[PDB]
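What follows is a short report on a single structure.
Protein chains in written order, with the entry's author numbering: chain F, 18 to 125; chain D, 17 to 125; chain d, 71 to 249; chain E, 7 to 73.
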């Protein structure tokens, strides 16, 4: 429910500025509502590694930051990276994020 | 040579030269500083515009000794990099960085 | 605190104090804070790209309508010359804290659910004064739904020193039993 | 405490030139790097071209400026 805007992108390191009240604590994941080359939305997941003060966090992207723009909306997910666990996970190649990278569809 | 800037810093060999806001020298132009010697006679020490720094000042590395230079002296921009005399009249002369002949013989053409 | 924003504000207060325009300068500084709130106005002064010469002309017109104090108009002109207009907002806020110091006034801020009469405040403002060591006390009020029926006053150099009783008794009881 | 129409308009005029949307004004050039004030919409890795035709890549995006 917290929305932030990227303040700066320097390599794989992002800085996200949040409103003064609602604010992520460290190791929470951030989802960056970005766009793709052709223009469809694709979202980069981050992880807060520092709190820089002045309501500004320093997140480290788990995907590529080519194409991210200062001021794009970043939805604080309120938790660290939630990964699917269970019986379903067996036999599936997984990303860092818990997305299946083996082409057998969604982990239900 | 119609652009005049005033020296703002001297830290060792590296000068910072503040210019009028529209007209600033390009990178690698030669600044030539209207500095004075121990005699008071005007002496010129050349500089190279290494980098544009913002706030309308350049950063130039002086080609001669910066000892004796004052914050606030006039610096004229020659509008070009260091032109060195070339050719036939440079043969058998001994030369400076600036192309000034250094062997106490009459001036290079 | 001694940071660049604080350093400038302190100078501005000192010149006012010398010339006895502390009341007169303070009004102008409060007047400036309304001016620089606006995102568009602040941005124009703050950004490096807009030419400095243009900034002065606009600033002069702003000063005339505003009718600012002669030093206060200088002080902004000094900030603009010396590039520190990017931190005007910090400087203006900093001045208020310095201005109280010079007078010897102290702010206190007192918190309730229910608005309270001056008589209670008079006791508190006298109470903060002796406890403060103050020459004078200036009282700040805020309304809060969350406490119970009491309030908490905050005072000191910062709003560091807070002495309260409303919710706190409940919290203390909760802790007390666990012992 | 109040801003005159002339003052607001004058301020706005300066802002429009600099709040040009696709462009950004060079802040400092040196050693093969330009810092650019502006360019609020650029994305990291987007080619940007200055006057006189040089092309550059916006590798560093910072709140103050874009390297």
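We put the beta carbon where it would ideally sit given N, CA and C, even for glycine.
What span of residues does the beta strand (DSSP E) with residue i cover, start to end?
i, result
"residue 44 of chain F", "Neither: residue 44 of chain F is in no beta strand (DSSP E) and is coded neither H nor E."
"residue 66 of chain D", "58-68"
"residue 76 of chain D", "73-78"
"residue 12 of chain F", "Here chain F covers residues 18 to 125 and nothing more, so residue 12 of chain F does not appear."
"residue 232 of chain d", "231-235"
"residue 224 of chain d", "221-225"
"residue 54 of chain E", "53-55"
Look up residue i in the DSSP assignment and say whether it is helix, strand or coil.
i, result
"residue 136 of chain d", "helix"
"residue 207 of chain d", "strand"
"residue 38 of chain E", "coil"
"residue 63 of chain d", "For chain d, the structure presents residues 71 to 249; residue 63 of chain d sits outside this window and is missing."
"residue 94 of chain d", "helix"
"residue 93 of chain D", "strand"
"residue 180 of chain d", "strand"
"residue 120 of chain d", "coil"
"residue 104 of chain d", "helix"
"residue 51 of chain D", "strand"
"residue 45 of chain E", "coil"
"residue 213 of chain d", "strand"
"residue 104 of chain D", "helix"
"residue 155 of chain d", "helix"
"residue 129 of chain d", "helix"
"residue 142 of chain d", "helix"
"residue 113 of chain D", "coil"
"residue 32 of chain E", "strand"
Got a sec, what are the start and stop residues for the alpha helix (DSSP H) residue i sits in?
i, result
"residue 6 of chain E", "This structure cannot speak to residue 6 of chain E, because chain E is shown only from 7 to 73."
"residue 116 of chain d", "109-116"
"residue 23 of chain D", "Careful: residue 23 of chain D lies outside any alpha helix (DSSP H), inside the beta strand (DSSP E) at 20-27."
"residue 161 of chain d", "158-173"
"residue 94 of chain E", "Absent from the structure is residue 94 of chain E, since the part of chain E shown begins at 7 and ends at 73."
"residue 77 of chain d", "74-89"
"residue 125 of chain F", "Here residue 125 of chain F belongs to no alpha helix (DSSP H), and DSSP marks it neither H nor E."
"residue 189 of chain d", "188-202"
"residue 239 of chain d", "238-248"
Count the other C-beta atoms from every protein chain shown that fall within 10 angstroms of the C-beta of residue i, then say buried if there are 16 or more, exposed otherwise.
i, result
"residue 73 of chain D", "buried"
"residue 36 of chain F", "exposed"
"residue 64 of chain D", "buried"
"residue 240 of chain d", "exposed"
"residue 18 of chain F", "exposed"
"residue 58 of chain F", "exposed"
"residue 96 of chain d", "buried"
"residue 23 of chain D", "buried"
"residue 244 of chain d", "exposed"
"residue 30 of chain E", "buried"
"residue 45 of chain E", "buried"
"residue 49 of chain D", "buried"
"residue 125 of chain d", "buried"
"residue 192 of chain d", "exposed"
"residue 195 of chain d", "buried"
Less than 8 Å between the beta carbons of residue i and residue j, yes or no?
i, j, result
"residue 43 of chain D", "residue 35 of chain E", "yes"
"residue 39 of chain E", "residue 111 of chain d", "no"
"residue 61 of chain E", "residue 128 of chain d", "no"
"residue 83 of chain d", "residue 165 of chain d", "yes"
"residue 105 of chain D", "residue 83 of chain D", "no"
"residue 114 of chain F", "residue 76 of chain F", "no"
"residue 45 of chain F", "residue 78 of chain F", "no"
"residue 110 of chain D", "residue 101 of chain D", "no"
"residue 162 of chain d", "residue 99 of chain d", "yes"
"residue 91 of chain F", "residue 121 of chain F", "no"
"residue 183 of chain d", "residue 213 of chain d", "yes"
"residue 205 of chain d", "residue 181 of chain d", "no"
"residue 93 of chain D", "residue 21 of chain D", "yes"
"residue 43 of chain E", "residue 158 of chain d", "no"
"residue 22 of chain E", "residue 33 of chain E", "no"
"residue 67 of chain E", "residue 48 of chain E", "yes"
"residue 37 of chain E", "residue 67 of chain D", "yes"
Please decide whether residue i counts as near chain C, where near means a Cβ-Cβ distance under 8 Å.
i, result
"residue 54 of chain F", "Chain labels in this structure do not include chain C; the protein chains are F, D, d and E."
Residues in the segment 36-49 of chain E having any Cβ partner in chain D nearer than 7 Å: 36, 37
Members of the segment 59-73 of chain F near chain E, C-beta cut-off 8 Å: none
Residues, ordered as in the chain, of the segment 33-50 of chain D that lie near chain E by beta-carbon distance below 8 Å: 43
Interfacial residues, the segment 119-130 of chain d to chain E, with Cβ spacing under 7 Å: Interface annotation for the segment 119-130 of chain d against chain E: 119, 120, 124, 128, criterion Cβ-Cβ distance under 7 Å.
Proximal residues, the segment 24-36 of chain E versus chain d, C-beta separation under 7 Å: So the list reads 24, 31, 33, given in the order they occur along the chain.
Positions along the segment 54-70 of chain E whose CB lies within less than 7 Å of some CB in chain F: 66, 67, 68, 69
Contact list for the segment 202-215 of chain d against chain E, Cβ threshold 9 Å: From the segment 202-215 of chain d, no residue has a Cβ closer than 9 Å to chain E.
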